[PDB]
Amino acid sequence: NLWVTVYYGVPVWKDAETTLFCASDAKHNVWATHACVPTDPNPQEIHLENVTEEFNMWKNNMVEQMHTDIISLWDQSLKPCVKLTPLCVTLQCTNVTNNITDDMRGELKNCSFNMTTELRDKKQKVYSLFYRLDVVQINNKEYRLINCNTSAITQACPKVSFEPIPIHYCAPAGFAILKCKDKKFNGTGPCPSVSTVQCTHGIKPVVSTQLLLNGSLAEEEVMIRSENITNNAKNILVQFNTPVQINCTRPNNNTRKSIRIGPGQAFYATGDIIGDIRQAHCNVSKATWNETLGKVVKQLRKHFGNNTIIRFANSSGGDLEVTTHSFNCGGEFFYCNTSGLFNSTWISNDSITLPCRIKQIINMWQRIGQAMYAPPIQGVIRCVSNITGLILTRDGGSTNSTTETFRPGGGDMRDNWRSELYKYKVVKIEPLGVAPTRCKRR
Amino acid sequence: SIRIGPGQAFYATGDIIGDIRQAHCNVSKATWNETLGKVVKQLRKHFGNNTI
Amino acid sequence: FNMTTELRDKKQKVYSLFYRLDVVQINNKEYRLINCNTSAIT
Amino acid sequence: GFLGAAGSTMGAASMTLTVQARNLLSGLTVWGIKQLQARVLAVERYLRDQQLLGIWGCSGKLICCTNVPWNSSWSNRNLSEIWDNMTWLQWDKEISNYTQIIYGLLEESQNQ
Amino acid sequence: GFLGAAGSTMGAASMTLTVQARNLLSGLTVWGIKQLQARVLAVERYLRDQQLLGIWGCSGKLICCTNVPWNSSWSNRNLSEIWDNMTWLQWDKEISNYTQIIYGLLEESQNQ
Amino acid sequence: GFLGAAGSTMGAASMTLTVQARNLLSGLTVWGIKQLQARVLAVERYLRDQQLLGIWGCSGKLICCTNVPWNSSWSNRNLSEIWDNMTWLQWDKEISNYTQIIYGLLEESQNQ
Ligand SMILES: *[C@@H]1O[C@H](CO)[C@@H](O[C@@H]2O[C@H](CO)[C@@H](O[C@@H]3O[C@H](CO)[C@@H](O)[C@H](O[C@H]4O[C@H](CO)[C@@H](O)[C@H](O)[C@@H]4O)[C@@H]3O)[C@H](O)[C@H]2NC(C)=O)[C@H](O)[C@H]1NC(C)=O
Ligand SMILES: *[C@@H]1O[C@H](CO)[C@@H](O[C@@H]2O[C@H](CO)[C@@H](O)[C@H](O)[C@H]2NC(C)=O)[C@H](O)[C@H]1NC(C)=O
Ligand SMILES: *[C@@H]1O[C@H](CO)[C@@H](O[C@@H]2O[C@H](CO)[C@@H](O)[C@H](O)[C@H]2NC(C)=O)[C@H](O)[C@H]1NC(C)=O
Ligand SMILES: *[C@@H]1O[C@H](CO)[C@@H](O[C@@H]2O[C@H](CO)[C@@H](O)[C@H](O)[C@H]2NC(C)=O)[C@H](O)[C@H]1NC(C)=O
Ligand SMILES: *[C@@H]1O[C@H](CO)[C@@H](O[C@@H]2O[C@H](CO)[C@@H](O)[C@H](O)[C@H]2NC(C)=O)[C@H](O)[C@H]1NC(C)=O
Ligand SMILES: *[C@@H]1O[C@H](CO)[C@@H](O[C@@H]2O[C@H](CO)[C@@H](O)[C@H](O)[C@H]2NC(C)=O)[C@H](O)[C@H]1NC(C)=O
Ligand SMILES: *[C@@H]1O[C@H](CO)[C@@H](O[C@@H]2O[C@H](CO)[C@@H](O)[C@H](O)[C@H]2NC(C)=O)[C@H](O)[C@H]1NC(C)=O
Ligand SMILES: *[C@@H]1O[C@H](CO)[C@@H](O[C@@H]2O[C@H](CO)[C@@H](O)[C@H](O)[C@H]2NC(C)=O)[C@H](O)[C@H]1NC(C)=O
Ligand SMILES: *[C@@H]1O[C@H](CO)[C@@H](O)[C@H](O)[C@H]1NC(C)=O
Ligand SMILES: *[C@@H]1O[C@H](CO)[C@@H](O)[C@H](O)[C@H]1NC(C)=O
Ligand SMILES: *[C@@H]1O[C@H](CO)[C@@H](O)[C@H](O)[C@H]1NC(C)=O
Ligand SMILES: *[C@@H]1O[C@H](CO)[C@@H](O)[C@H](O)[C@H]1NC(C)=O
Ligand SMILES: *[C@@H]1O[C@H](CO)[C@@H](O)[C@H](O)[C@H]1NC(C)=O
Ligand SMILES: *[C@@H]1O[C@H](CO)[C@@H](O)[C@H](O)[C@H]1NC(C)=O
Ligand SMILES: *[C@@H]1O[C@H](CO)[C@@H](O)[C@H](O)[C@H]1NC(C)=O
Ligand SMILES: *[C@@H]1O[C@H](CO)[C@@H](O)[C@H](O)[C@H]1NC(C)=O
Ligand SMILES: *[C@@H]1O[C@H](CO)[C@@H](O)[C@H](O)[C@H]1NC(C)=O
Ligand SMILES: *[C@@H]1O[C@H](CO)[C@@H](O)[C@H](O)[C@H]1NC(C)=O
Ligand SMILES: *[C@@H]1O[C@H](CO)[C@@H](O)[C@H](O)[C@H]1NC(C)=O
Ligand SMILES: *[C@@H]1O[C@H](CO)[C@@H](O)[C@H](O)[C@H]1NC(C)=O
């Protein structure tokens, strides 16, 4: 004598996709955190006892949503800023002298041109300084901006800062965010220690290549993650146990000048560099890097054998963004050469100096048709950061190869934010059940 | 294609290789006659049986 | 006709073919697009 | 708190239904529209569940007994190994095949 | 299915109320806003109907009996020619005049 | 009409609850989004109140008796000077301290 009894509010969930919203701690920023909900001081995390879940790092939709949101915010931030259409003219450029060094020879050019005024009746002869990577010669000499045959340039608004700030992703009503608490989780498979939350930890959208900066550290050991470790077409994500400090600087004392190109529209050009001219560069610690590489190769020798020679070489081909460590240091975009970091072989006080280059016409998100111009920054620039990860790729050495070669990679930013959203998943609650009892309706 | 600015193109007509003739449509004569006969037969229900 | 270039400094002499219904003569001969006194073309 | 008894037996999770019940309703223009749609969808899901409960005769209840007898072909386990040695996540995976038949029986039993 | 008994008598259409009940809740930016408003309006109409039913004392019911006697001045037809010789579309046209009086009587009878 | 008995005693205002009950549900793109959010928020508030009432065991009611005895430490006034010499605005200002305790007691009493 058993009867069907209905229960509403049972702990059952399913896998689902939804739109998560943004929250930030409680003004001109690229990612408009002022429009996001303020965050609670003490978030609730509920450990689910005796619960085992299945996670997949490489088929997560939070990564896609985060990529789309970042791209959309970047596009939105450039709407009210000045268009630089009259800047696509012919420039007359000369080489820069007066206290340049040997390594800085030919990197700066002094270009004069004619520019429109606030009156639609006359011109003005002005001049500026351009980096060699921003101008292409058309046959002193005649140059043009690198972009004036493919796209249009918008000048970045100088009051908006590029500094990343932490953001949190929250689930709507009827959804939960499951979080894996295993300390040696390798991205895919069963996690037996699970908690539930509604918000993720503060994630800073740092854009960089070949090196992960200002991120999270593994709790126990260096972690190696890959979708298919035997497939050499997949990238390898390496997570450090301790960070590696890196100091980058542009030492030139720059000057900024404002040129009126129309009614209520100004253009910020580079003036003169007071003093000498030197090359921007980064410093890393040699001993710390050696120890980190030793730990990385120690962890790598668990998938490829115990007696295999493991050697690190540098990048192989590509454009400037993918063959260099590209990042942003206080409004200036750096492209640094990492041939001194990934160059060694391993058999079973000092510093490393990486020279860098500066560019001012920026194409982001591997797109074409839209370009941004970064106005110059005044004074000497210095930044300090943590290296907390690596992106690597393996060469497909066939014909009985006893050695493996790993090269730095990158280019796709989904793997930058896949190294932070790797322990979260989104579930949808289904609070309706039926079961046999001995109670009958009266 | 003619480039008229940074990232802007204009598609013009070039040269017509061969002779130049007029665009045109063809319809069937008998089918159109039959259709017009049916249409006038249906129209003759609102205006009379002896109206031209 | 003369058309602007990708550089805001110089022009180029180009040509095209137009149907008679799209050009109106303004007193070879001088013509203009039929729309350039009433509206803009996209 | 929320989803606390997901690893506990079916019996232990029957005393905390209100925790999950109350965490289903409140717990530029492009982003403004996206957030609004989620809030409308949660309300729609809640209203559909409430309408189904009302149609079954169980409006305004968390636990509701019915007049529909339990067919032994849906499950053969006895009450000792269901309410004391089983979780809801396992029970759903087992009775997922017969859910629609039971729902139709509930509807037609309440109507008649 | 839906609106199937629109031509049947009032008695025959009284056994399929669930079909109509279910099909009232789920059955660029310019177009996005337009679709959202319809979904909000359907929810609002459903909630107003549910509130009215709850105020009358008939919450969570499809057929509900009341304590308000039927005035013969609203309609003099007997039960044989109402439930067996008439449809709801004809009945609404006949009693459209007295609807507000009946609603007020229901409200004040349930409250008192 | 609406809020008419705000200056009357608690006893007199208990006979016009439906007036306030009804006036809680229906009574460029920038402005279009703002107006939609107001309606969504009103619907959400109404649904939260209805869920709370249903959890307390008072689904579809305006006045509901409970099994929770009144603690004398919440208020010592007798019924003659509460329902006949007091308004709801004054009563709320006095019992605002003990509201959460009473709500928790109601929930745990109905569940058990
Ligand atoms: C990883 O994180 C570190 C630590 O947070 C971070 O280093 C920080 O970089 C920022 C940006 O360069 C530094 O903040 C600057 O510091 C000085 C003093 O205030 C000024 O140059 C800047 O302020 C001026 O510019 C602002 C922009 O509008 C104006 O609002 C302001 O009025 C000033 O004009 C700015 O505040 C910060 O000091 C460092 N922190 C440390 C400890 O060095 C690093 O950049 C991160 N790495 C990456 C790759 O993002
Ligand atoms: C860049 O070139 C400009 C001229 O195009 C230089 O500015 C002139 O410098 C000379 C020599 O010192 C002065 O006499 C002029 O008065 C300056 N101004 C102008 C408007 O001609 C400028 O010094 C050059 N800068 C660098 C870094 O080489
Ligand atoms: C991971 O990649 C390897 C290749 O690196 C895949 O193994 C291949 O499997 C195909 C058949 O599916 C064989 O023809 C190839 O010879 C295999 N290659 C090697 C090098 O052994 C493997 O299937 C991939 N794993 C998954 C899960 O997709
Ligand atoms: C990186 O380290 C180098 C080398 O120490 C610094 O460059 C200068 O190096 C010379 C010797 O080659 C020293 O005499 C100078 O003192 C160094 N400069 C300074 C400012 O101390 C370089 O400055 C370092 N860069 C960073 C960003 O730390
Ligand atoms: C990067 O710069 C930091 C300071 O911003 C350096 O840290 C200093 O190192 C010196 C030399 O050992 C110490 O005397 C100071 O006390 C340190 N300062 C702080 C605040 O810790 C750091 O050494 C630099 N790193 C590299 C690789 O050059
Ligand atoms: C990787 O390192 C190699 C070896 O240093 C680089 O090859 C050098 O390229 C430069 C020009 O860029 C030549 O002057 C050198 O002679 C080359 N060296 C050798 C040994 O052939 C290569 O460019 C580096 N790849 C990068 C930085 O992407
Ligand atoms: C990155 O750095 C490496 C090592 O410094 C560069 O390789 C040198 O390139 C220069 C010319 O730039 C050659 O004269 C040297 O002979 C190269 N060194 C070796 C050991 O081969 C490499 O070119 C740099 N990559 C760039 C500048 O793109
Ligand atoms: C319009 O074109 C269609 C074909 O696109 C013509 O149909 C063809 O007529 C010829 C001549 O009788 C037949 O041999 C072909 O088999 C037909 N083709 C098909 C696909 O049916 C049609 O006659 C043309 N109509 C007119 C009015 O010229
Ligand atoms: C600016 O205009 C002058 C005067 O027409 C011209 O001679 C010169 O080539 C132009 N460009 C410069 C100075 O770069
Ligand atoms: C623009 O000019 C550069 C430099 O001459 C050339 O390499 C590139 O192909 C051009 N872009 C297009 C889209 O033609
Ligand atoms: C970098 O590492 C240091 C040392 O662990 C830590 O205190 C700091 O918060 C890290 N992050 C940044 C952004 O500097
Ligand atoms: C990750 O761990 C799972 C078992 O938990 C294993 O099947 C899988 O191969 C591992 N992947 C890598 C890249 O080590
Ligand atoms: C850069 O130049 C400015 C202007 O002369 C000066 O005030 C400042 O001290 C300089 N900064 C240096 C030399 O680091
Ligand atoms: C890094 O460690 C390796 C392996 O012990 C050693 O051969 C090499 O000299 C070290 N490099 C340093 C200390 O700069
Ligand atoms: C590889 O060598 C290490 C050396 O510490 C050893 O611990 C490990 O078991 C070896 N793995 C094998 C032989 O698969
Ligand atoms: C790479 O390492 C070799 C061996 O130590 C060294 O000779 C060479 O200069 C290095 N290349 C660099 C640091 O670019
Ligand atoms: C169409 O019908 C008319 C009227 O009967 C007739 O005069 C004419 O010849 C017909 N045309 C044909 C058959 O091509
Ligand atoms: C018109 O003539 C047709 C010929 O078929 C006939 O059927 C119809 O009744 C006539 N209509 C009249 C005379 O109104
Ligand atoms: C183009 O410009 C030239 C040079 O100023 C002028 O003579 C001519 O009339 C213009 N128009 C043409 C070629 O249609
Ligand atoms: C534009 O020009 C045409 C052709 O000359 C003329 O007929 C028409 O009236 C003009 N339109 C206006 C609005 O003046």
# chains A, B, ... in the order shown; residues from 1 in each chain; ligands from 1
call {"tool": "residues_near_ligand", "arguments": {"ligand": "ligand 1", "cutoff": "10 Å", "atoms": "only C-alpha atoms and all ligand atoms", "output": "number ranges by chain"}}
result
A: 27-29, 158-165, 204-208, 211-215, 246-248, 326-332, 334, 377-387
call {"tool": "closest_atom_pairs", "arguments": {"of": "chain A", "to": "ligand 9", "cutoff": "6 Å", "atoms": "only C-alpha atoms and all ligand atoms", "output": "tab-separated table"}}
result
residue	atom	partner	partner_atom_place_in_ligand_line	distance
A:91	CA	ligand 9	14 (O)	5.4
A:92	CA	ligand 9	14 (O)	5.1
A:112	CA	ligand 9	14 (O)	5.1
A:113	CA	ligand 9	14 (O)	3.6
A:114	CA	ligand 9	1 (C)	4.8
call {"tool": "residues_near_ligand", "arguments": {"ligand": "ligand 8", "cutoff": "10 Å", "atoms": "only C-alpha atoms and all ligand atoms", "output": "ChimeraX atom specification"}}
result
/B:25-32
call {"tool": "write_last_selection", "arguments": {"atoms": "N, CA, C and O atoms", "output": "short mmCIF file (atom, residue, chain, number, x, y, z; two decimals), in the first residue's frame"}}
result
data_model
loop_
_atom_site.label_atom_id
_atom_site.label_comp_id
_atom_site.auth_asym_id
_atom_site.auth_seq_id
_atom_site.Cartn_x
_atom_site.Cartn_y
_atom_site.Cartn_z
N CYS B 25 12.30 40.00 -70.56
CA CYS B 25 11.57 38.87 -70.01
C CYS B 25 10.72 38.22 -71.09
O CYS B 25 10.27 38.86 -72.04
N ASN B 26 10.50 36.91 -70.94
CA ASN B 26 9.65 36.13 -71.83
C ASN B 26 8.53 35.51 -71.01
O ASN B 26 8.77 34.96 -69.93
N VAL B 27 7.30 35.61 -71.53
CA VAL B 27 6.16 34.91 -70.97
C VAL B 27 5.50 34.12 -72.09
O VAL B 27 5.69 34.40 -73.28
N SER B 28 4.73 33.10 -71.71
CA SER B 28 4.03 32.27 -72.68
C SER B 28 2.76 32.97 -73.15
O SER B 28 2.09 33.63 -72.37
N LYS B 29 2.45 32.81 -74.44
CA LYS B 29 1.31 33.52 -75.01
C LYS B 29 0.01 32.75 -74.80
O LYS B 29 -1.01 33.34 -74.40
N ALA B 30 0.02 31.44 -75.06
CA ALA B 30 -1.19 30.64 -74.88
C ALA B 30 -1.60 30.57 -73.41
O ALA B 30 -2.79 30.67 -73.08
N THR B 31 -0.63 30.38 -72.52
CA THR B 31 -0.93 30.32 -71.09
C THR B 31 -1.51 31.64 -70.60
O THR B 31 -2.47 31.66 -69.82
N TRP B 32 -0.93 32.76 -71.04
CA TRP B 32 -1.45 34.06 -70.66
C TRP B 32 -2.85 34.28 -71.21
O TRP B 32 -3.71 34.87 -70.54
#
call {"tool": "atom_distance", "arguments": {"atom1": "atom CA of residue C:25", "atom2": "atom CA of residue C:37"}}
result
13.0 Å
call {"tool": "calpha_fit_and_write", "arguments": {"fixed": "chain D", "moving": "chain E", "output": "CSV table (one decimal) with C-alpha atoms, in the first residue's frame"}}
result
chain,number,residue,atom,x,y,z
E,1,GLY,CA,22.7,25.9,3.7
E,2,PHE,CA,21.9,25.9,0.0
E,3,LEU,CA,22.3,22.4,-1.5
E,4,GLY,CA,23.7,21.2,1.8
E,5,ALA,CA,22.0,17.8,1.8
E,6,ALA,CA,23.0,16.9,-1.8
E,7,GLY,CA,25.1,14.1,-0.5
E,8,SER,CA,22.8,13.0,2.3
E,9,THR,CA,20.1,10.3,2.0
E,10,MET,CA,16.6,11.0,0.7
E,11,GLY,CA,15.2,11.0,4.2
E,12,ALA,CA,17.7,13.6,5.6
E,13,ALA,CA,17.2,15.9,2.6
E,14,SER,CA,13.4,15.9,3.1
E,15,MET,CA,13.7,18.2,6.1
E,16,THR,CA,15.4,21.1,4.4
E,17,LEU,CA,13.2,21.7,1.3
E,18,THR,CA,12.7,25.4,2.3
E,19,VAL,CA,16.4,26.2,1.7
E,20,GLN,CA,16.1,25.2,-2.0
E,21,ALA,CA,12.6,26.6,-2.3
E,22,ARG,CA,13.8,30.1,-1.3
E,23,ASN,CA,16.8,30.2,-3.6
E,24,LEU,CA,14.7,30.0,-6.8
E,25,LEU,CA,13.1,33.4,-6.9
E,26,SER,CA,15.5,36.0,-5.7
E,27,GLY,CA,18.6,34.1,-4.4
E,28,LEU,CA,25.0,49.9,-21.5
E,29,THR,CA,21.6,48.8,-22.9
E,30,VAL,CA,23.2,45.6,-24.3
E,31,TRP,CA,24.0,44.3,-20.8
E,32,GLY,CA,20.8,45.7,-19.4
E,33,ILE,CA,18.7,43.7,-21.7
E,34,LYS,CA,20.7,40.5,-21.0
E,35,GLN,CA,20.2,40.7,-17.2
E,36,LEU,CA,16.5,41.5,-17.6
E,37,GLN,CA,15.9,38.3,-19.6
E,38,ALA,CA,17.3,36.1,-16.9
E,39,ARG,CA,15.0,37.7,-14.3
E,40,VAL,CA,12.0,37.1,-16.6
E,41,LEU,CA,13.0,33.5,-17.2
E,42,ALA,CA,13.4,32.7,-13.5
E,43,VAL,CA,9.9,34.1,-12.9
E,44,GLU,CA,8.5,32.0,-15.8
E,45,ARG,CA,10.1,28.8,-14.6
E,46,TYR,CA,8.8,29.4,-11.0
E,47,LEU,CA,5.3,30.1,-12.3
E,48,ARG,CA,5.2,27.0,-14.5
E,49,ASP,CA,6.2,24.9,-11.5
E,50,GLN,CA,3.6,26.5,-9.3
E,51,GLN,CA,0.9,26.0,-12.0
E,52,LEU,CA,1.9,22.3,-12.2
E,53,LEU,CA,1.7,21.9,-8.5
E,54,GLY,CA,-1.7,23.6,-8.4
E,55,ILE,CA,-3.1,21.4,-11.2
E,56,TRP,CA,-1.9,18.3,-9.3
E,57,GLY,CA,-3.9,19.5,-6.3
E,58,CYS,CA,-0.8,20.4,-4.2
E,59,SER,CA,-0.9,24.3,-4.2
E,60,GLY,CA,1.0,26.0,-1.4
E,61,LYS,CA,2.7,22.8,-0.2
E,62,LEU,CA,6.3,21.5,0.0
E,63,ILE,CA,5.3,17.8,0.7
E,64,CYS,CA,2.0,16.6,-0.8
E,65,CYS,CA,0.3,13.2,-0.6
E,66,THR,CA,-1.7,11.9,-3.6
E,67,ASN,CA,-4.3,9.1,-4.3
E,68,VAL,CA,-2.2,7.6,-7.1
E,69,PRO,CA,-0.9,4.1,-6.0
E,70,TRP,CA,2.7,3.3,-6.7
E,71,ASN,CA,3.3,0.8,-9.5
E,72,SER,CA,5.8,-1.9,-8.6
E,73,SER,CA,7.1,-1.8,-12.2
E,74,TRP,CA,8.5,1.7,-11.7
E,75,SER,CA,10.8,0.5,-8.9
E,76,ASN,CA,10.9,-2.7,-6.8
E,77,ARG,CA,13.1,-1.4,-4.0
E,78,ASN,CA,11.5,-1.2,-0.5
E,79,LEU,CA,11.3,1.9,1.7
E,80,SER,CA,14.3,0.9,3.8
E,81,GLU,CA,16.8,1.1,0.9
E,82,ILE,CA,15.2,4.2,-0.7
E,83,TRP,CA,14.8,6.7,2.1
E,84,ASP,CA,17.9,5.5,4.1
E,85,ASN,CA,20.4,4.2,1.5
E,86,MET,CA,20.0,6.5,-1.5
E,87,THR,CA,20.2,10.2,-2.6
E,88,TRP,CA,17.9,12.2,-4.8
E,89,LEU,CA,20.5,12.5,-7.5
E,90,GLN,CA,20.6,8.7,-7.8
E,91,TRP,CA,16.8,8.3,-7.5
E,92,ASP,CA,16.3,10.8,-10.4
E,93,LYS,CA,18.6,8.8,-12.7
E,94,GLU,CA,16.7,5.6,-11.8
E,95,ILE,CA,13.2,6.9,-12.4
E,96,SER,CA,13.9,9.3,-15.3
E,97,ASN,CA,12.2,6.8,-17.6
E,98,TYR,CA,8.7,6.8,-15.9
E,99,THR,CA,8.4,10.5,-15.0
E,100,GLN,CA,5.9,11.4,-17.7
E,101,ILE,CA,3.6,8.5,-17.0
E,102,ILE,CA,3.5,9.4,-13.3
E,103,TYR,CA,2.8,13.1,-14.2
E,104,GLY,CA,-0.1,12.1,-16.5
E,105,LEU,CA,-1.5,9.8,-13.9
E,106,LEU,CA,-1.3,12.5,-11.3
E,107,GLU,CA,-3.1,15.0,-13.5
E,108,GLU,CA,-5.9,12.6,-14.6
E,109,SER,CA,-6.4,11.4,-11.0
E,110,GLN,CA,-6.7,14.9,-9.6
E,111,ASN,CA,-9.1,16.0,-12.4
E,112,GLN,CA,-11.2,12.9,-11.9
call {"tool": "atom_distance", "arguments": {"atom1": "atom CA of residue A:199", "atom2": "atom CA of residue A:9"}}
result
21.9 Å
call {"tool": "interface_residues", "arguments": {"of": "chain A", "to": "chain C", "cutoff": "8 Å", "atoms": "only C-alpha atoms", "output": "list in words"}}
result
residues 86, 87, 88, 89, 90, 148 and 149 of chain A
call {"tool": "decode", "arguments": {"residues": "stretch 8-24 of chain B", "atoms": "N, CA, C and O atoms", "output": "compact mmCIF listing (two decimals), in the first residue's frame"}}
result
# COMPACT_ATOMS: atom_id res chain seq x y z
N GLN B 8 37.84 51.66 -47.11
CA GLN B 8 36.57 51.90 -47.79
C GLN B 8 36.76 51.76 -49.29
O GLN B 8 37.65 52.39 -49.88
N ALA B 9 35.91 50.94 -49.92
CA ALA B 9 36.01 50.64 -51.33
C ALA B 9 34.68 50.91 -52.02
O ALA B 9 33.62 50.87 -51.40
N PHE B 10 34.77 51.18 -53.32
CA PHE B 10 33.62 51.48 -54.16
C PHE B 10 33.67 50.57 -55.38
O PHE B 10 34.70 50.48 -56.05
N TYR B 11 32.56 49.88 -55.64
CA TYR B 11 32.50 48.88 -56.71
C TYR B 11 31.86 49.51 -57.94
O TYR B 11 30.66 49.79 -57.95
N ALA B 12 32.67 49.73 -58.97
CA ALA B 12 32.22 50.32 -60.22
C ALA B 12 32.15 49.26 -61.31
O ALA B 12 32.69 48.15 -61.18
N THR B 13 31.47 49.62 -62.40
CA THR B 13 31.40 48.76 -63.57
C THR B 13 32.64 48.98 -64.44
O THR B 13 33.04 50.12 -64.67
N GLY B 14 33.22 47.89 -64.92
CA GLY B 14 34.40 47.98 -65.75
C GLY B 14 34.06 48.04 -67.22
O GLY B 14 33.46 49.02 -67.68
N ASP B 15 34.43 47.01 -67.98
CA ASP B 15 34.12 46.92 -69.39
C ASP B 15 33.27 45.68 -69.65
O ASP B 15 33.43 44.66 -68.98
N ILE B 16 32.37 45.80 -70.62
CA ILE B 16 31.50 44.69 -71.01
C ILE B 16 32.15 43.98 -72.18
O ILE B 16 32.21 44.51 -73.29
N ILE B 17 32.64 42.77 -71.94
CA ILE B 17 33.35 42.00 -72.96
C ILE B 17 32.33 41.30 -73.85
O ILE B 17 31.54 40.47 -73.37
N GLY B 18 32.37 41.61 -75.14
CA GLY B 18 31.39 41.12 -76.08
C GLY B 18 30.47 42.22 -76.56
O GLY B 18 30.76 43.42 -76.46
N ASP B 19 29.33 41.80 -77.10
CA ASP B 19 28.32 42.74 -77.54
C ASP B 19 27.43 43.16 -76.38
O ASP B 19 27.42 42.55 -75.31
N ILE B 20 26.67 44.23 -76.59
CA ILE B 20 25.79 44.80 -75.58
C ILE B 20 24.36 44.68 -76.07
O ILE B 20 24.03 45.18 -77.16
N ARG B 21 23.51 44.03 -75.28
CA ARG B 21 22.12 43.81 -75.62
C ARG B 21 21.23 44.21 -74.45
O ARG B 21 21.71 44.49 -73.35
N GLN B 22 19.93 44.22 -74.70
CA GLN B 22 18.94 44.70 -73.74
C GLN B 22 18.39 43.55 -72.91
O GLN B 22 18.10 42.47 -73.44
N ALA B 23 18.25 43.78 -71.61
CA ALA B 23 17.64 42.81 -70.71
C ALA B 23 16.15 42.70 -70.99
O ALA B 23 15.49 43.69 -71.36
N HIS B 24 15.60 41.50 -70.82
CA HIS B 24 14.21 41.30 -71.23
C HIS B 24 13.63 40.09 -70.50
O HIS B 24 14.35 39.27 -69.93
